[PDB]
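Undergrad:
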Amino acid sequence: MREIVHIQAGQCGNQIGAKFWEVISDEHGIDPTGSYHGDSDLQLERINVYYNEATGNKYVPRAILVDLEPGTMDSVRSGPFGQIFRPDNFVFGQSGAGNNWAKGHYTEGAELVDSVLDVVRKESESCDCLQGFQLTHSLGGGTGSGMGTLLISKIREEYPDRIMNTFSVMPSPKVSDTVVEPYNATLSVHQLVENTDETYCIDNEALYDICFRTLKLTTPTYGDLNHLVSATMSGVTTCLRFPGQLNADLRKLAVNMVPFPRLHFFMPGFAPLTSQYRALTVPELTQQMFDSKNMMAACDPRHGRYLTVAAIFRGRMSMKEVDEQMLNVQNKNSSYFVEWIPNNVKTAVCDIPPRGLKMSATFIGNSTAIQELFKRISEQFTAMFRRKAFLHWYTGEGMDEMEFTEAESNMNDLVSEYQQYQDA
Amino acid sequence: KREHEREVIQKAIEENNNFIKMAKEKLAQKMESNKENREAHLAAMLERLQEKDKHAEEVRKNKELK
Ligand SMILES: Nc1nc2c(ncn2[C@@H]2O[C@H](COP(=O)(O)OP(=O)(O)O)[C@@H](O)[C@H]2O)c(=O)[nH]1
Ligand SMILES: [Mg+2]
């Protein structure tokens, strides 16, 4: 299959999505107006995956921008590459969602969702073979969290045979906007367990830490986090946008990364962490990439076990060095890789590097350590729920404690399952 | 799931409506019981004054006999 359909929902969603479109539009030689102006053919060979070709060369990101408040989307229309987006594809309400999962999922989002699905049909029907959808959102607010998951369900109802993929930003007290974030997160984790094939877990905690204690940025802004994010998103979408050995699809990825249906929550990592005149050595990239101080989650992989791993190496380097170093990471730390999935680390190389960098390495892990993230949230949730705090904001939207109870259970279960496989 | 979603938003609409309704009732009960209470008090005051009047007529009549 070929074409992907991209969806941005909420503030955080539209911010990281706009950055992603800037970054890969640069990689593919597309100026802010939609005109190709690059050297290589490699830049246009698979451009059909993320861009719809229109009129005089113009390329338009197959993207749908969604929000319950007009702010962030105006911000987007206004800013860099602001007018590469089809103007029809801005779908927005006025009410807002008040960092409330119930509002985005049940009340306000329900109004907006049908107009979103309308734009979704228009894009999907203009595709030769739609692989599926990619959604960007946080799980801690209201629009992205609740409306996004509602969209995930709606879309699955209408395209049950396509692939659901999300970059979902997990909330962290270090970087918080509201106390209800654990609730919102636990609710959408519930949805995601059931309705996505692959969710990249972008944990704001890790982005903070890597901004603070590695990039040594004492006061990080959401832009500082989002540059880590857009770097990761370019990284993990590379082999889907560029020709090569392992021409990748969303399904094969799923098939190759998801041993068990529910355990589809991935940990991304990137080297070199930027914020670079000296390119690193393959050995460097590799070891940096597998260290925790380069994980975008928060979990330490040395605490659990890799079920599956995919590495992408971008730039001009020796494939011999790449294979040697990859096998060196495994053979050396063969304890952290399960023995019941043989040959579970795959590697790809693409010649085109990211902007600014000459050599780079991105990494995708189905590791059992993600249980830590989920556990963290579970705790925070429980604390409050145990004393039924801040629940009125949700109950007044028609919800019942039972829903929450169920969600919690599910996440708890997820953790359990993950652990089950850590001891195998 | 779609039916659940319809039920939740239905619950929200019903609960707000019940709020507005119980408010309207409570307030009407209060305003009416206040009006009954205040009127009763002024009525009894004016009636005390009327018994004062009747006793004044009684006094005048008692003297126009002496
Ligand atoms: N990394 C990152 N996280 C964000 C950004 N904006 C909000 N968040 C996180 O997302 C959550 C708030 O959700 P938000 O996207 O503002 O709400 P929405 O518009 O209702 O979906 C909190 O957990 C924030 O820490 C962003 O630009 N980048
Ligand atoms: Mg916000």
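Here the protein sequences come in this chain order: A and B. Taking our numbering, the leading residue of the first sequence gets 7, the next gets one more, and so forth. Taking our numbering, the leading residue of the second sequence gets 11, the next gets one more, and so forth. A virtual CB, placed ideally from N, CA and C, is assigned to each residue, including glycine.
(1) Three Cβ pairs or more, each shorter than 8 Å: is that satisfied between the stretch 17-30 of chain B and the stretch 401-420 of chain A?
(2) Quick one, which of A/94, A/27, A/320 has its alpha-carbon nearest residue 123 of chain A's?
(3) Would the beta-carbon of residue 182 of chain A be found less than 7 Å away from any heavy atom of ligand 1?
(4) Using the C-alpha atoms, what's the distance from residue 49 of chain A back to residue 338 of chain A?
(5) Cα-Cα, which of A/165, A/381, A/374 is closest to residue 129 of chain A?
(6) Within its chain, find whatever has a CB closer than 6 Å to the CB of residue 311 of chain A; leave out the 5 residues flanking it on each side and keep chain order.
(7) Would you call residue 183 of chain A buried or exposed, if buried means 16 or more other Cβ atoms sit within 10 Å of its Cβ?
(8) Quick one, are the C-beta atoms of residue 15 of chain A and residue 73 of chain A less than 8 Å apart?
(9) Is there a C-beta anywhere in chain A that falls below 8 Å from the one on residue 15 of chain B?
(10) For ligand 1, I want to know if residue 242 of chain A counts as a neighbour, meaning its beta carbon is within less than 7 Å of at least one of the ligand's heavy atoms.
(11) For residue 19 of chain B, report the span of its alpha helix (DSSP H) as first-last.
(12) Could you tell me whether the Cβ of residue 400 of chain A comes closer than 8 Å to any Cβ of chain B?
(13) At which residue ranges does the stretch 23-107 of chain A contain complete alpha helix (DSSP H) runs of 4 or more residues, listed in the order of the chain?
(14) Say yes only if the C-beta of residue 17 of chain A is nearer than 7 Å to one or more non-hydrogen atoms of ligand 2, and no if none qualify.
(15) Taking C-alpha atoms, which residue in A/401, A/45, A/40 lies nearest to residue 358 of chain A?
(16) How would you list, in chain order, the residues of chain A whose beta-carbon sits under 7 Å from the beta-carbon of residue 21 of chain B?
(17) Anything in the stretch 88-117 of chain A with a Cβ closer than 9 Å to a Cβ of chain B? List those residues in chain order, please.
(18) Which residues of the stretch 149-174 of chain A have a Cβ closer than 7 Å to any Cβ of chain B? Give them in chain order.
(19) Just the chain A side, please: which residues come within less than 7 Å of residue 11 of chain B by C-beta, in chain order?
(20) Which residues mark the beginning and the end of the alpha helix (DSSP H) in which residue 382 of chain A is found?
(21) In whole angstroms, what separates the C-alpha of residue 206 of chain A from that of residue 33 of chain B?
(22) Need the endpoints of the alpha helix (DSSP H) that residue 257 of chain A sits in, please.
(23) Measuring straight from C-alpha to C-alpha, what distance separates residue 421 of chain A and residue 56 of chain A?
(24) When you compare only the Cα positions, how much space is there between residue 432 of chain A and residue 297 of chain A?
(25) Compare the C-alpha of residue 97 of chain A against each of A/104, A/107, A/119, A/108 and name the closest.
(26) Take the Cβ of residue 247 of chain A as the centre, count every other Cβ of all protein chains shown within 10 Å, and call the residue buried at 16 or more, exposed below.
(27) For a test of the three-state rule: what should DSSP assign to residue 287 of chain A, helix, strand or coil?
(28) Three or more C-beta pairs under 8 Å: does that hold for the stretch 21-36 of chain A against the stretch 221-241 of chain A?
(29) So the candidates are A/138, A/303, A/255, A/230; which of them puts its Cα closest to the Cα of residue 371 of chain A?
(30) Let me check understanding here. Comparing Cα to Cα, which of A/199, A/212, A/423, A/319 lies closest to residue 299 of chain A?
(31) At a cut of 8 Å, does the stretch 244-258 of chain A reach the stretch 350-357 of chain A through at least three beta carbon pairs?
(32) Beta carbon of residue 78 of chain A, beta carbon of residue 17 of chain A: below 8 Å?
(33) Whose CA, out of A/419, A/250, A/71, A/107, lies closest to the CA of residue 401 of chain A?
(34) Does at least one heavy atom of ligand 1 sit under 7 Å from the Cβ of residue 70 of chain A?
TA: Reading it off the structure:
(1) Verdict: yes, contact present.
(2) If you number the first sequence from 1, residue 123 of chain A lands on position 117. Per the Cα distances, A/94.
(3) The residue given as residue 182 of chain A occupies position 176 in the first sequence. Checking the Cβ of residue 182 of chain A against ligand 1 gives yes.
(4) Residue numbering aside, residue 338 of chain A sits at position 332 when the first sequence is read from its first letter. Residue numbering aside, residue 49 of chain A sits at position 43 when the first sequence is read from its first letter. So the alpha carbons of these two residues sit roughly 37 Å apart.
(5) The residue you call residue 129 of chain A lines up with position 123 of the first sequence. Looking at the Cα atoms, A/165 is the closest of the given residues.
(6) Locating residue 311 of chain A in the first sequence gives position 305, counting from the first residue. Cβ neighbours of residue 311 of chain A beyond the five flanking positions: 342, 344, 374, 428.
(7) As a first step, residue 183 of chain A is located in the first sequence; it is residue number 177 there, counting from the start. Counting Cβ neighbours within 10 Å, residue 183 of chain A comes out exposed, since fewer than 16 surround it.
(8) Numbered from 1 along the first sequence, position 9 holds the residue referred to as residue 15 of chain A. Numbered from 1 along the first sequence, position 67 holds the residue referred to as residue 73 of chain A. Yes, Cβ-Cβ distance for residue 15 of chain A and residue 73 of chain A is below 8 Å.
(9) Here the question's residue 15 of chain B lines up with position 5 in the second sequence. Closer than 8 Å: yes.
(10) For the purposes of this step, residue 242 of chain A is taken as residue 236 along the first sequence, with counting starting at 1. Every heavy atom of ligand 1 is 7 Å or more from the Cβ of residue 242 of chain A, so no.
(11) Here the question's residue 19 of chain B lines up with position 9 in the second sequence. 12-73 is the extent of the alpha helix (DSSP H) around residue 19 of chain B.
(12) On the first sequence, position 394 is the one that residue 400 of chain A refers to. Closer than 8 Å: no.
(13) 77-84
(14) Looking up residue 17 of chain A in the first sequence gives position 11. True, at least one ligand heavy atom lies under 7 Å from that Cβ.
(15) For the purposes of this step, residue 358 of chain A is identified with residue 352 of the first sequence, where counting begins at 1. With distances taken between Cα atoms, residue 358 of chain A lies closest to A/45.
(16) Here residue 21 of chain B refers to the residue found at position 11 of the second sequence. Chain A residues near residue 21 of chain B: 404.
(17) 108, 111, 112, 113, 116
(18) 159
(19) Position 1 of the second sequence, counted from the start, is the residue given in the question as residue 11 of chain B. Ordered by position in chain A, the residues that pass the 7 Å Cβ test against residue 11 of chain B are 159.
(20) The residue you call residue 382 of chain A lines up with position 376 of the first sequence. That run of the alpha helix (DSSP H) goes 377-392.
(21) The residue labelled residue 206 of chain A in the question sits at position 200 within the first sequence. The residue labelled residue 33 of chain B in the question sits at position 23 within the second sequence. Cα to Cα, residue 206 of chain A sits roughly 48 Å from residue 33 of chain B.
(22) Start at 1 with the first residue of the first sequence, and residue 257 of chain A comes out as number 251. Run containing residue 257 of chain A: 256-263, per the alpha helix (DSSP H) assignment.
(23) Position 415 of the first sequence, counted from the start, is the residue given in the question as residue 421 of chain A. Position 50 of the first sequence, counted from the start, is the residue given in the question as residue 56 of chain A. Going by the C-alpha atoms only, they are around 34 Å apart.
(24) Nothing in the structure corresponds to residue 432 of chain A, since chain A is present only between 7 and 430.
(25) Against the first sequence, residue 97 of chain A aligns to sequence position 91. Closest option to residue 97 of chain A, Cα to Cα, is A/119.
(26) Reading the first sequence from its first residue, position 241 is the one you call residue 247 of chain A. Buried, by the Cβ-count rule.
(27) Locating residue 287 of chain A in the first sequence gives position 281, counting from the first residue. Note: residue 287 of chain A maps to coil in three-state DSSP.
(28) Contact between the stretch 21-36 of chain A and the stretch 221-241 of chain A is present, because at least three Cβ pairs lie under 8 Å.
(29) Working through the first sequence from its first residue, we reach residue 371 of chain A at position 365. Nearest C-alpha to residue 371 of chain A: A/303.
(30) As a working mapping, residue 299 of chain A is identified with position 293 in the first sequence. Closest by C-alpha distance to residue 299 of chain A, out of A/199, A/212, A/423, A/319, is A/212.
(31) Yes, they touch.
(32) In the first sequence, the residue the question calls residue 78 of chain A occupies position 72. In the first sequence, the residue the question calls residue 17 of chain A occupies position 11. For residue 78 of chain A and residue 17 of chain A, yes; Cβs fall inside 8 Å.
(33) Counting from one through the first sequence, the residue named residue 401 of chain A turns up at place 395. Closest option to residue 401 of chain A, Cα to Cα, is A/107.
(34) Here the question's residue 70 of chain A lines up with position 64 in the first sequence. No, since every heavy atom of ligand 1 falls outside the 7 Å radius drawn around the Cβ of residue 70 of chain A.
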